[PDB]
Structure formats: C-alpha cells, structure tokens
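Student: Below is the structure I would like to discuss, written out as structure tokens.
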Amino acid sequence: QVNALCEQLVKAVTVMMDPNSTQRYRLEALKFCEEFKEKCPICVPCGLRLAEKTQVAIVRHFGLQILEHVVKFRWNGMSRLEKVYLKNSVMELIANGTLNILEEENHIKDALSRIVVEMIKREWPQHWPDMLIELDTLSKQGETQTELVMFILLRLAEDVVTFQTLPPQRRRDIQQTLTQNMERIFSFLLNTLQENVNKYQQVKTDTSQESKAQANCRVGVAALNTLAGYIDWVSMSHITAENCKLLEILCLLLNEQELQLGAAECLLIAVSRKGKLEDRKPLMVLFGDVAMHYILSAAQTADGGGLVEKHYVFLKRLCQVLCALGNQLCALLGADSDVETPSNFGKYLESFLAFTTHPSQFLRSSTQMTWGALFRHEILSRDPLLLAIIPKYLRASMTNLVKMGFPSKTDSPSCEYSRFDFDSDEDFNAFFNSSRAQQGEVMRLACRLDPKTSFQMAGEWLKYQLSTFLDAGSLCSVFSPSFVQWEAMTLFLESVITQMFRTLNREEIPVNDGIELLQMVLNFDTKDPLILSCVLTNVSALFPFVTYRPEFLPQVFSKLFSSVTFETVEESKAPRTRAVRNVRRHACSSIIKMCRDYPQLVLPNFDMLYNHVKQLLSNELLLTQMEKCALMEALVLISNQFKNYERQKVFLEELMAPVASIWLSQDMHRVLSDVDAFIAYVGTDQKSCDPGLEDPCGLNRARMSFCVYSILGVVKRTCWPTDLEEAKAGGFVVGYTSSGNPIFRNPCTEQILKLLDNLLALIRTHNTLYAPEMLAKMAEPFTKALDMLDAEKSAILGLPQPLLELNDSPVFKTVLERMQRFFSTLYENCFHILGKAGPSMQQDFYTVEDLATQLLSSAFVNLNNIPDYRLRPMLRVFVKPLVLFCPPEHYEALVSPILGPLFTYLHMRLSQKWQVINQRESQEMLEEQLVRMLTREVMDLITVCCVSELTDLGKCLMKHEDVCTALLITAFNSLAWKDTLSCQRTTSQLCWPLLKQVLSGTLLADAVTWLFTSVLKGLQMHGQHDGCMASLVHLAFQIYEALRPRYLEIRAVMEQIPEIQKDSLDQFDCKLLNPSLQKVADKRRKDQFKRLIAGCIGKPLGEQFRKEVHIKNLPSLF
C-alpha cells in the first residue's frame, strides 16, 4: 500500500529527471510530486523509505527532500510522537543509513544536513537538552558521522547567523544557546580536527590503505570549513582560549598540501577580525619564530611550485595573512602599553618585501596597503629596521612602476600570473593604472621617511632616461620599454619631488642637484610626442627649483609654449594624432599650473606672455579652442596677481572683446535663438556626407565652442585678493552685508553679464533640441549626435576603456564622435558657466533682473526629454554649486522658486524609472546604472541642501510648503530603492532632521501613514546590509517614540509585521507608552524591539553561494 505508492513516486522521478520525457508527462509528474509533498499525510514514511542506501541516490535525494519539506511546513500539523520518531529515525540515518564516506554523493549529505539543521532550527533551544552530547557521541562512532556533523554545524551556523531562514525569536534563542555553549562547540570542533588530523598523520603513507588517507583527509577538510564557518563570527575569546593553540594547529597544517588551503583560510579569517583591540593582542604570537617558520616554509614552498591553480591560490592566501597581520600590528601599537614591536620584525619585513618583489601583479598590489600602514604609523616609522628596508623598498617600487606584464605578451615573467588573474589586456591595464595610483600615495609615505635616497634614485633614473636609448616599437610606440620606463620614471620623480618639497625644510633641499636636473630636462629634445609629454611633466615637477634660480624662467617658458605648437610632426598632410593633442594639452595645462602656483614669478613678464598669446591667437586656424582658452585662463591667473580692480577689469575687457564681437553679433544672436538656424550653423542637416564641404560648419561650431570656453575660463579663473586689506586697497570691496561681512566685486562681471542672455538662449535651444520633434530634424548620419558617448558608456558600465596606441591613432576617427563630443562638452560647459557664475560674481549674479524665472525658462525648458546622462552633470555642475554658494538673504529670492519644481520633477522621474526597474546585456544595464547614479546625485543634492543639527538654509527651505511636500516623500521613498549606498546616506544624516523641524506641522500633516510604510518597505528592500540595518532601525526607533504617544494608527502596520506575538508587543509597547524614566531608565531600548520587527529585516540569497555570503572576513582573490 505504501511500497506501491513509493514505486509510483520512483516512476515520477525516473520520468521527471529524464531528457527523453515529453513536457506533458513531465509536467504531470511534477504536479504529482509537489502535490505529494503538499497534499499527502503519509509523505513521512514514504520519504524515509525512499532514502534507503539500497535505492538509487536520485530517488534518495528525492526522499530526504520530501522529508525536508515536512519539517519545513507540515511540522505545524504534527504530533509529539511523530516528531520524536522523526528525530530518532533521522539520527538512525546519520549513524547507519548513509553510503560509504568515500563514494557517497555530496548533495545527499547536503540534503540530509538540511533536514537535521531544520530540525535544529525548529526545537533545539528547548526541546533538545542533550543535542551537543548526542552529536559528539554519534560522531565518535565513525568518520562519515564526523563529516556529516561538520556539515550540520556549518549549515546551522550559516542559517542562524547570516541567512536567518528561521523564526526570529527562535533565532535569538538559538544564537544565545550557541553563545552560552560556544566554548564546548569550538572545543569539540578543535579536538575533532586535531584527532582526525593526527590519525591522518599516522596513516599518511600505506601500501594499500589509501581509503583511510582520503577519508580522514576529507574529514579534516570538512572540519576546517566548519571552523572557518565559526571563526568569522564567534567571540575572540574562544580563538585565544587554550593559549591560542588553534593558531599553532593551523600553522602545523600549513605544511600539509592536502589541507593547507583550509588552515590558511581559517588563519586569515582569524587575523582579519576588526574586533576589540585588547582581544586582538595574542594574534601577535604569529610574529614568533615558530609561526613565521611554518608560514614562510609553506609560503616559499608554494612559490616553488609552478603556476598551478592550487599553489598560486594558497600563496595569495598566505600573502593576505601577512598583510592582515601587519595591519593588526599597526592597529595595536600606540593604543596599549602591553603591545610592543615584535622581536622578528626584521624577518617579517624581509619576507613582505619578498612578496613586494614577486612577479605576480596581484601579490605586489596586495602588500601596498600594509606598507602604507607601516610608513604612516607614528611608532613604526621610527623603527630602524623599516628605515633600513626603505631603500630596497623604493628600488623594488621603481621596478614595479613600469607597465609590463600584459597577459597577451610574454616579455615579462609577470605575464603568466597576469594570464592567471586577468581576462584581457584591458583589465590588466586598468588594474595596473589604479594600483599604480595607490603605490604613488604609499610611495610618497615612504619618501617622507628617507628623502635623500629617494631624490638620489629619482635623479639617477631621470639621467638614465635622458642618456639611455631604449627600444621604441614610425619611431613611435606605446608598449615599448622606452615609453613605459619614461612614464614610470616621470611618476616616480613627480612623487619624490612633491613629497620632498612637502616635508623637507628649505634649508635641506638639494638646490644644486635639482637645478642640474631641470637644466638637463630643459636641454633635452625629442620629436616623439609621448616622450615630450614626459619631459613637460618632469619640468612641472622640477619647477619648484626655479624659485631658487629664476634665471631659468625664460627657458622654461620656451619649453612650455613651444610644446603648445607641437604640430612639427604633420601640418596638413594627415590629421594630428591623439598623442599630439595630449602634448599640446599638457603644455597649456603646465602653463596654467605655473601661472597658478607661482604668479609672482610670471607677473613681471605679463606683457611678453600676453603678447605671445595674442600672437598665437592672431591666426584663428592655428590653435585649438581648448588651447586658446587655456592660455587665456593662464593670462587671467597672472592678472589676478595685479590685485587692482581697474587693471584686471581693463585687461579682461580687452581680452574678451574678440569673444564679445562673435557672441553679441545679431547673426550669432539669431543662431542661438532659432532652433532651425542653430542646426544650419552647426551643420547637422547634411543628407549626403562627403569629407569635403564640412569645413565651414567646423569653423562655425569651433567659433561657438571658442566663445563658450572663453566665458567659462574667465568666470572660473578670475578672483579678488584673498587678504581683505589688499581687497580694499585694489578697490574690490564696495560695501558690507547686513551681518557685517564684506562685499566683493569681480572685474569680469560687467563683461560676462552682457553674455549671460545669449548663453541662456543657447541653453534654451540645446535643451529644446533633445525633444523628439526637434531631434528628428537632424540628418540621418547625425541622428546620434545627442547620444551618450561610447567612452562614457564603457566608463559607467565598469568595463575597461579600449586599449590603443596614442602615437598612431586619429583624434576622432568618426565625424559622428566629433559631433557627440562637441554637443556633450558644449552642454556641460554651459552649465559649468552657470555653475561657477554664482561664486565668481555672487551678488551681481544673484541680483540679476528676473534671475530665477530666466533660469526656469532657459535651463529647465524640456526636462522630460533630457536623458539621465545629461541630467546628472547638470545637477552636479550647476544646481549644487548654485545652492551651496548662495547667501541666506538671496535664498528665497531665486533658490526656493527653482528648487521646488526641480525637486518635484526629480521625485516623479526617479519614482517612475525606479518603478520600471523594480517591476522586473549592455544596453539595458546602461540605463539602469544611469538611473542609479542619477538617484545618488539627487540624494546628495537634497542632503547637502538641508543638512550640514539642521543647517540654516535647510530651515529656510522648510519654511516653504512645496519644498516640504516634495522633500518629505522623496527622502523617505528613497529607502525602497535598490541603491544601498544612497539609503544609508539619507537615513542617519538626512531623514531624521526632516522630522525635528516639522513637529508643529506633523500633527496637521498626519504623515504617520506614509512614513512608517516607507521606512518599513525600505527595510524590506535592502535589509541584508548591516549599515542600512543599524541606521534604518535607528530611524525606526526614532519614529517609534515620536509618533506612538500621538497616534494609534502605528499598530495597524506594526502588527502586520510577520512573526509577532501580541503578548510580546503589548508587553513592550504599553510599558514604553508610559515614560517611567524616574522609575526605570534605559538607553538601549533599540535592541529590545528589534525582535518586534523582523519580517522587514531582509535575508540574503543563500541557495547558490552559501559560504561566500556567510564569511565576511575573507578578502576576494580578485
């Protein structure tokens, strides 16, 4: 009667998991299986019958699965005798009903472990008085039983600590029972691991008894994985209980290749705990001769093996162990007197340096953080051993700055490890660039400790590159030793000199040697653009020496300005390569940096610099617009040093007059007004495309770009003297505020205000051009002229940038990309002008006649059709600086009338697109990521607009009604969105001040209904993140004691939270309703009602990647 039903089930399985079965028989079989679990009361003895070892494992995997199902749901409708019969029968399965440990399927053990762990979840807190003793006794009987016990303990700890697939009150009961008996649990795990490991040691080698070797080995693996499952979260006292004997056992396991990875992971998890400082002291035991003996022996033994998938991972693990150990030593010294410098610090530094010189790029990048923590420490940066290893570290660092080791090539021994750790040359390029940017900071931290040797090696390297001839891939290259060694030397010298002038006294600076190097790089000459860029960066790096010997100032000029006109490669026979543009750009940039950081040196030469610049501007076709306006920015930076209002005023009028004639001409005025004439001027209406006849339009859009760039530069660079006395003397102070603050006037104001109107017209036409009605007016080859650039797409999508040789590569290679870049840089540059316009000319720009209405009629014309990738730079570049740089007197004049409808539209749009996303390769995730970053920028803008404990401007906003009815729903509706980093930002900093200033209106608003659902749904959204849990509960506690003594409608949703006892709630609510603070005082009532809200706590996905989500102290191997 049951054996026939079990045969029917076996038929359902053999037709279910069969590729030959048609879908109809298959779907009906599935229905019979799920309906067997759901509809049958005799599923327990059937499932127990199917799990017999004699049956096929598949059927068994079904049977226990069925059984599992029972203890999940059908348990509720069960009797006591059925329960105890199920426990006894399942334990009989663990003791006897299991296949041989060597050949038993692992997933069978996993399902059985699911059963036992679920039965533990159900009744272990009270109904299992001797479960630990029982698991111990049954484990002692055999090896299979010990392994299964390891599975049960690991999965149990995973579910109770991380996944929380268990009633919450039972979760606290089980967690407290674990914490109480944790000494016995960890003692059992350690004793069993040591026992099975010792038996493995005694049976390491036998003639024909390998079954016990592989068996006890696998048992040791399971025990190590369970220990790794507990070490991550248990208290530190159990790790160091028996005088840290766990650490010595794990170190003894490092020599065993079959168990080394597990021991290394357990040790790494142990030393990576950022817990209580006094409990982390005994970790320093690992600096001893014994622990470092096993660690170093197993480490350099693993390196002796080739690039095998095992030895490399183990080597990474040990490297991370040494890193986290060093971070521990850095984190302990200085805070406690009992912590001292280890006796074997020198050998540790030598081995760590050996990891720094390793071919693997990953291993080299892993040590950089610990090195920075060593150099940054106050005590260890004075230890003579570290200072003794600093020269070797700097030499190895210089060796590491050269970009070599691409996985596609085979020129370096790093290429092999790069093939192991990376997918393509692009990944290796981006990773190497970032890690190099980090070793710049760590390397400077090393240079401040030994300036003499660092400057010595930098100078020697510079002389080497100036004298030595190296292979260069046309005599030009980007991957050759020439370019990579030139770049590495340039960055090294840059960091060395920068930190030198940052730390060294002026009395101890090698002026003669630095001046010598500056002369050597000024005399050096190359026709290669990239090398020329390296030379320019070396001149800008060596420039501080000019202050001691300003005689070099002419020649330096000659080196920079000549580089501005580096068209010597090709004039008109072929287009200029991207390398050339990069060189001229480096030249103009270096000129700006010189005029910005040393204005008093260039000021007496303002006449010759102005004359040479205007001689470069005499020919319109010679210089690029960015180059022209960059040199203009330099001239303005020099002009600021005049410190006289009328002088800088006259110079700016004369400088901007050519921009005034082109910008204020009625032809240009009509171009920026009519949307059709704008297209005819830019030239996007071209039906048939030919390389010729496109030049006049290029001069048109080039002239417009020149005007916009010039306005942006003059607004950005012009400034009045910092010192108030020099401001009054030069005529820059024209009044005083109501509060008594000074009033300043900018010389560029009178000129820029004449351009503001046409600028706003251009912004109007550009914002309108995104409408599909006007977008369809463009030609077919220019339908994507307003689309997002490919570099922006690959950048926001996280994918690496394309890898190309700058020496042989056109600047655009596509007229469509030239158009797209033009529209992007123009659209962003205009909002840069309006962004910097406020702080540049504050009162004269804020008192503009009908300012807010003109901005709403120019900058916010078509916000529906404007995409996200154009909206976010607008808010970050224009709105945020405009709000943050506006006084509270002019606050309600133009800030609020713009912020109201803008924030409203942001709430509506973000709500819509976020609904589209949450309702469910590179094209869709692109838009999704755009929405996410747009949400981040909106939340940051709203945050700084209202929070610095609420700021003054925030309250001045809270006076208004529209910004409140649009501000309150946004910050609290933002919690229900997937962006986790933006949730923690608004909760602790923004969401709470939004209530302390509406206490008088909260009674009239009755917003208790929307607020509690918003915060609860927001907890349901992320949940898993500990930060969002702590902050979201902090808000949940703040909104609990604030609205409960006012409304009774809180209990309408407070009781809708699942797994809630009315006795518990009413015994933690009514006692909280009455203050009784004079009777009972409590400060930590948060941890009391956290159990009252757990259906919203959220749980991470825990069916696919079980171990990685649970263990949070294991660094990713990357």
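All residue names refer to the structure tokens as shown: chains lettered A, B, ... in order, residues numbered from 1 in each chain, ligands numbered from 1 in order.
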I'd like the contact shell of residue 332 in chain A - 10 Å cut-off, only C-alpha atoms, skipping same-chain residues fewer than 5 positions apart - returned as an MDAnalysis selection string.
Tutor: chainID A and resid 277:278 280:281 284 326:327 337:341
Student: Choose the residue, out of A:1045, A:1022, A:605, A:266, that has the smallest atom-to-atom separation from residue 254 in chain A; count only C-alpha atoms.
Tutor: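 The answer is A:266, which sits nearest to residue 254 in chain A.
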Student: Neighbours of residue 158 in chain A within 10 Å (only C-alpha atoms; same-chain residues fewer than 5 positions away dropped), as a PDB file with N, CA and C atoms, in the first residue's frame?
Tutor:
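Done, and the output landed in out23.pdb:
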```pdb
ATOM      1  N   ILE A 152      26.434  19.633   9.346  1.00  0.00           N
ATOM      2  CA  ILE A 152      25.280  20.118  10.098  1.00  0.00           C
ATOM      3  C   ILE A 152      25.637  21.370  10.891  1.00  0.00           C
ATOM      4  N   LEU A 153      26.809  21.380  11.530  1.00  0.00           N
ATOM      5  CA  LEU A 153      27.215  22.551  12.300  1.00  0.00           C
ATOM      6  C   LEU A 153      27.490  23.743  11.392  1.00  0.00           C
ATOM      7  N   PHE A 163      21.745  33.823   7.111  1.00  0.00           N
ATOM      8  CA  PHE A 163      20.575  33.747   6.243  1.00  0.00           C
ATOM      9  C   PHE A 163      19.268  33.943   7.003  1.00  0.00           C
ATOM     10  N   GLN A 164      19.240  33.603   8.292  1.00  0.00           N
ATOM     11  CA  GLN A 164      18.074  33.832   9.151  1.00  0.00           C
ATOM     12  C   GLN A 164      16.810  33.195   8.575  1.00  0.00           C
ATOM     13  N   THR A 165      16.958  32.002   7.996  1.00  0.00           N
ATOM     14  CA  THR A 165      15.819  31.231   7.498  1.00  0.00           C
ATOM     15  C   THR A 165      15.198  30.467   8.668  1.00  0.00           C
ATOM     16  N   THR A 226      34.078  24.032   8.534  1.00  0.00           N
ATOM     17  CA  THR A 226      33.189  24.401   9.632  1.00  0.00           C
ATOM     18  C   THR A 226      33.869  25.393  10.572  1.00  0.00           C
ATOM     19  N   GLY A 229      33.689  28.479   9.228  1.00  0.00           N
ATOM     20  CA  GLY A 229      32.332  28.975   9.346  1.00  0.00           C
ATOM     21  C   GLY A 229      32.044  29.627  10.683  1.00  0.00           C
ATOM     22  N   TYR A 230      32.760  29.224  11.732  1.00  0.00           N
ATOM     23  CA  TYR A 230      32.538  29.797  13.058  1.00  0.00           C
ATOM     24  C   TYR A 230      33.504  30.924  13.406  1.00  0.00           C
ATOM     25  N   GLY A1102      20.646  32.694  -0.295  1.00  0.00           N
ATOM     26  CA  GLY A1102      21.509  31.689   0.291  1.00  0.00           C
ATOM     27  C   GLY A1102      21.310  30.275  -0.214  1.00  0.00           C
ATOM     28  N   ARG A1106      26.623  29.709  -0.802  1.00  0.00           N
ATOM     29  CA  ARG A1106      26.320  29.595   0.620  1.00  0.00           C
ATOM     30  C   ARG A1106      27.450  30.144   1.486  1.00  0.00           C
ATOM     31  N   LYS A1107      28.687  29.728   1.209  1.00  0.00           N
ATOM     32  CA  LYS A1107      29.799  30.036   2.102  1.00  0.00           C
ATOM     33  C   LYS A1107      30.313  31.460   1.932  1.00  0.00           C
ATOM     34  N   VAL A1109      28.772  34.306   1.117  1.00  0.00           N
ATOM     35  CA  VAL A1109      27.950  35.345   1.731  1.00  0.00           C
ATOM     36  C   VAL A1109      28.072  35.305   3.250  1.00  0.00           C
ATOM     37  N   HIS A1110      28.219  34.111   3.827  1.00  0.00           N
ATOM     38  CA  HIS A1110      28.288  33.990   5.280  1.00  0.00           C
ATOM     39  C   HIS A1110      29.597  34.552   5.822  1.00  0.00           C
ATOM     40  N   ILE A1111      30.722  34.145   5.242  1.00  0.00           N
ATOM     41  CA  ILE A1111      32.033  34.595   5.700  1.00  0.00           C
ATOM     42  C   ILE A1111      32.312  35.965   5.091  1.00  0.00           C
TER      43      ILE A1111
END
```
Student: Go ahead and compute the interatomic distance for CA of residue 684 in chain A and CA of residue 790 in chain A, in Å to one decimal.
Tutor: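 Distance reported for this atom pair: 19.6 Å.
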Student: Looking at only C-alpha atoms, which of A:1008, A:177, A:795, A:256 is the one that sits closest to residue 197 in chain A?
Tutor: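 Smallest distance to residue 197 in chain A is found for A:256.
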Student: Tell me, as a PyMOL selection string, which residues lie within 6 Å of range 743-760 of chain A, counting only C-alpha atoms; anything in the same chain fewer than 4 positions away does not count.
Tutor: chain A and resi 649+732-736+841+858
Student: Residues as selected, N, CA, C and O atoms, written as a PDB file, in the first residue's frame, can you do that?
Tutor:
```
ATOM      1  N   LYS A 649      40.165  94.670 -14.638  1.00  0.00           N
ATOM      2  CA  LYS A 649      38.964  94.992 -15.402  1.00  0.00           C
ATOM      3  C   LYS A 649      39.306  95.322 -16.851  1.00  0.00           C
ATOM      4  O   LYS A 649      38.744  94.734 -17.783  1.00  0.00           O
ATOM      5  N   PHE A 732      38.361  96.373  -4.453  1.00  0.00           N
ATOM      6  CA  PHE A 732      37.497  95.214  -4.619  1.00  0.00           C
ATOM      7  C   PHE A 732      36.342  95.181  -3.628  1.00  0.00           C
ATOM      8  O   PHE A 732      35.353  94.483  -3.876  1.00  0.00           O
ATOM      9  N   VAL A 733      36.439  95.912  -2.523  1.00  0.00           N
ATOM     10  CA  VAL A 733      35.383  95.975  -1.520  1.00  0.00           C
ATOM     11  C   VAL A 733      34.524  97.196  -1.814  1.00  0.00           C
ATOM     12  O   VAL A 733      35.025  98.326  -1.845  1.00  0.00           O
ATOM     13  N   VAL A 734      33.229  96.972  -2.033  1.00  0.00           N
ATOM     14  CA  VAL A 734      32.296  98.033  -2.391  1.00  0.00           C
ATOM     15  C   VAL A 734      31.184  98.205  -1.366  1.00  0.00           C
ATOM     16  O   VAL A 734      30.352  99.107  -1.516  1.00  0.00           O
ATOM     17  N   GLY A 735      31.152  97.385  -0.324  1.00  0.00           N
ATOM     18  CA  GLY A 735      30.131  97.531   0.694  1.00  0.00           C
ATOM     19  C   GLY A 735      30.286  96.490   1.778  1.00  0.00           C
ATOM     20  O   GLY A 735      31.335  95.856   1.905  1.00  0.00           O
ATOM     21  N   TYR A 736      29.223  96.318   2.561  1.00  0.00           N
ATOM     22  CA  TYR A 736      29.205  95.327   3.626  1.00  0.00           C
ATOM     23  C   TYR A 736      27.795  94.772   3.763  1.00  0.00           C
ATOM     24  O   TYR A 736      26.808  95.482   3.550  1.00  0.00           O
ATOM     25  N   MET A 841      30.853  85.891  -9.279  1.00  0.00           N
ATOM     26  CA  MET A 841      30.219  87.199  -9.087  1.00  0.00           C
ATOM     27  C   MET A 841      28.912  86.964  -8.330  1.00  0.00           C
ATOM     28  O   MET A 841      27.829  86.900  -8.921  1.00  0.00           O
ATOM     29  N   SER A 858      15.082  78.839 -19.207  1.00  0.00           N
ATOM     30  CA  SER A 858      16.233  78.526 -20.047  1.00  0.00           C
ATOM     31  C   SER A 858      16.859  77.181 -19.717  1.00  0.00           C
ATOM     32  O   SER A 858      17.123  76.387 -20.627  1.00  0.00           O
TER      33      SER A 858
END
```
Student: Measuring atom to atom with only C-alpha atoms, identify which of A:905, A:1010, A:1068, A:348 is nearest to residue 1089 in chain A.
Tutor: A:1068
Student: Show me, as a ChimeraX atom specification, the residues that have an atom within 12 Å of residue 951 in chain A when counting only C-alpha atoms, minus same-chain residues fewer than 2 positions from it.
Tutor: /A:884,888,943-949,953-958,989-990,993-994,997
Student: How about saving the chosen residues, C-alpha atoms kept, as a PDB file, in the first residue's frame?
Tutor:
```pdb
ATOM      1  CA  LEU A 884      25.757  75.814  -1.889  1.00  0.00           C
ATOM      2  CA  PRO A 888      20.563  83.142   3.005  1.00  0.00           C
ATOM      3  CA  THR A 943      21.187  66.023   1.528  1.00  0.00           C
ATOM      4  CA  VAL A 944      23.585  68.978   1.379  1.00  0.00           C
ATOM      5  CA  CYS A 945      20.648  71.325   0.727  1.00  0.00           C
ATOM      6  CA  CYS A 946      19.080  70.519   4.115  1.00  0.00           C
ATOM      7  CA  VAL A 947      21.773  69.007   6.389  1.00  0.00           C
ATOM      8  CA  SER A 948      25.205  70.260   7.453  1.00  0.00           C
ATOM      9  CA  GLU A 949      21.706  69.753  13.801  1.00  0.00           C
ATOM     10  CA  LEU A 953      19.482  77.146   4.673  1.00  0.00           C
ATOM     11  CA  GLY A 954      17.687  73.866   5.336  1.00  0.00           C
ATOM     12  CA  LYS A 955      15.286  75.528   7.764  1.00  0.00           C
ATOM     13  CA  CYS A 956      14.860  78.487   5.403  1.00  0.00           C
ATOM     14  CA  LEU A 957      13.695  75.869   2.903  1.00  0.00           C
ATOM     15  CA  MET A 958      11.461  74.153   5.480  1.00  0.00           C
ATOM     16  CA  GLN A 989      22.141  62.247   8.052  1.00  0.00           C
ATOM     17  CA  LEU A 990      19.010  63.479   6.244  1.00  0.00           C
ATOM     18  CA  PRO A 993      16.280  66.230  10.677  1.00  0.00           C
ATOM     19  CA  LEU A 994      13.250  66.209   8.348  1.00  0.00           C
ATOM     20  CA  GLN A 997      11.646  70.787  12.294  1.00  0.00           C
TER      21      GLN A 997
END
```
Student: Which residue is closest to residue 985 in chain A? Choose from A:966, A:319, A:917, A:941 and count only C-alpha atoms.
Tutor: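 Ranking A:966, A:319, A:917, A:941 by distance to residue 985 in chain A, first place goes to A:941.
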Student: Can you pull out the residues contacting residue 584 in chain A? Cut-off 7 Å, using only C-alpha atoms, and skip same-chain residues under 6 positions away; I want them as a PyMOL selection string.
Tutor: chain A and resi 563-566
Student: Between A:26, A:581, A:1071, A:687, which one has atoms that come closest to residue 14 in chain A, using only C-alpha atoms?
Tutor: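 The shortest atom-to-atom distance to residue 14 in chain A comes from A:26.
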Student: Find the residues near residue 441 in chain A: any atom within 10 Å, counting only C-alpha atoms, skip ones fewer than 2 places away on the same chain, and give them as number ranges by chain.
Tutor: A: 368-369, 372, 436-439, 443-447, 495, 499
Student: May I ask for the distance between CA of residue 311 in chain A and CA of residue 1113 in chain A, given in Å to one decimal place?
Tutor: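 Atom-to-atom, CA of residue 311 in chain A to CA of residue 1113 in chain A, that is 21.4 Å.
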